[PDB]
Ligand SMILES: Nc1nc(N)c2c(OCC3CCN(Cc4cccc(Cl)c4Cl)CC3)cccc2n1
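Below, in structure tokens: the form solved without the named molecule, a single chain.
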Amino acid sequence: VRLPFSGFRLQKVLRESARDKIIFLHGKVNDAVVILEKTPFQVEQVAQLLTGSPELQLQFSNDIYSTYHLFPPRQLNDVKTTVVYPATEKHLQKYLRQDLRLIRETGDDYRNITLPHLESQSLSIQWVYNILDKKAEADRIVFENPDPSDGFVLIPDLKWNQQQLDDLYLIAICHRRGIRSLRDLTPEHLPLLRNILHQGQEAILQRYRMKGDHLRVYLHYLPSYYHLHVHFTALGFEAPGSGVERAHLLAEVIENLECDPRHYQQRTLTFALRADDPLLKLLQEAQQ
């Protein structure tokens, strides 16, 4: 009926999703986290309401189209409230949403700024190697082309529970070492890229009875780890990562290499970086 705490004091807005009509608030009480979510429309109540004279405020009118502001009764004004008390730093860590900034990296920016910066860090990818040499997740391999050069391993994502095709999420990791990202791609990688695309899709079809036209097959520019990997997701499954600011379709990557051999070494790639990322400042400094 009431708050499990005496007084709230908003310290920071952890995360918010304007799309999902949700807010995540960190507050010092008497530390507590309060989640507020707008409720989905109930078909019946909404129908019932619209079939009666409501309180409307015409925003604008344009031809057959018109927008309004509706104020419905108490029933249709429900708000989902979740309270986390007490909440530690690790509790805030999971709901921490960093401000993203966009950057346009040219080939020279990559060569001079990006490449030396990532070379300075020792991002270990031993977990990747363990997958490839079957020391880990061997039981999860859906398909494998063992070719040391043009070969790959198709494993389903760990976040995917495999109990439905609606959220089908698979990842192809190439056997060959040294292809850190999209920037390392040249026409010599075409047989490997064509296998990941063709062999991967044919494996999804055989195993999961899922046609290629139901699949979104892409690469990430500025990937989470620097050993080439391609994502196979169900088309109906929408998620950050499948967005234009990061995803690059494999079919398109292949066709670019077929047209311009030097494409990914010379062309300007667009991606997002966290505001606090040192690489962001480095590129901004370089571009002025």
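Residue numbers run from 1 along the displayed sequence.
This next part talks about the form deposited with the named molecule bound, which is not shown.
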**Prompt:** Looking at the named molecule in the bound PDB entry, is some heavy atom of each of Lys12, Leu25 and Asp166 within 4.5 Å of it?
**Reply:** no
**Asked** If contact means any heavy atom within 4.5 Å, which of 202 to 210, 134 to 142, 183 to 191, 108 to 116 contacts the named molecule in the bound PDB entry?
**Response** 134 to 142
**One residue of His198, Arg104, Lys94, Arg177 in contact with the named molecule, assessed in the bound PDB entry (non-hydrogen atom, 4.5 angstroms)** = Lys94
**Prompt:** Hey, in the bound PDB entry, is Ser53 touching the named molecule, heavy atoms inside 4.5 Å?
**Reply:** no
**Asked** Are any of the heavy atoms in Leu76 no more than 4.5 Å from a heavy atom of the named molecule in the bound PDB entry?
**Response** no
**Prompt:** With a 4.5 Å heavy atom cut-off, would you call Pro156 a contact of the named molecule in the bound PDB entry?
**Reply:** yes
**Request:** Decide whether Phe71 counts as a contact residue for the named molecule in the bound PDB entry under a heavy atom distance cut-off of 4.5 Å.
**Result:** no
**Prompt:** Would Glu89 and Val230 land in the same rigid part if the chain is treated as two blocks moving between this form and the one not shown?
**Reply:** no
**Request:** Note whether the distance between the C-alpha atoms of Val13 and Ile103 decreases (closer) or increases (farther) in the bound PDB entry, against the displayed form; the change is 3 Å or more.
**Result:** farther
**Request:** Pin down for me whether the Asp99-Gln11 Cα distance shrinks or grows in the bound PDB entry relative to this form (closer or farther, change of 3 Å or more).
**Result:** farther
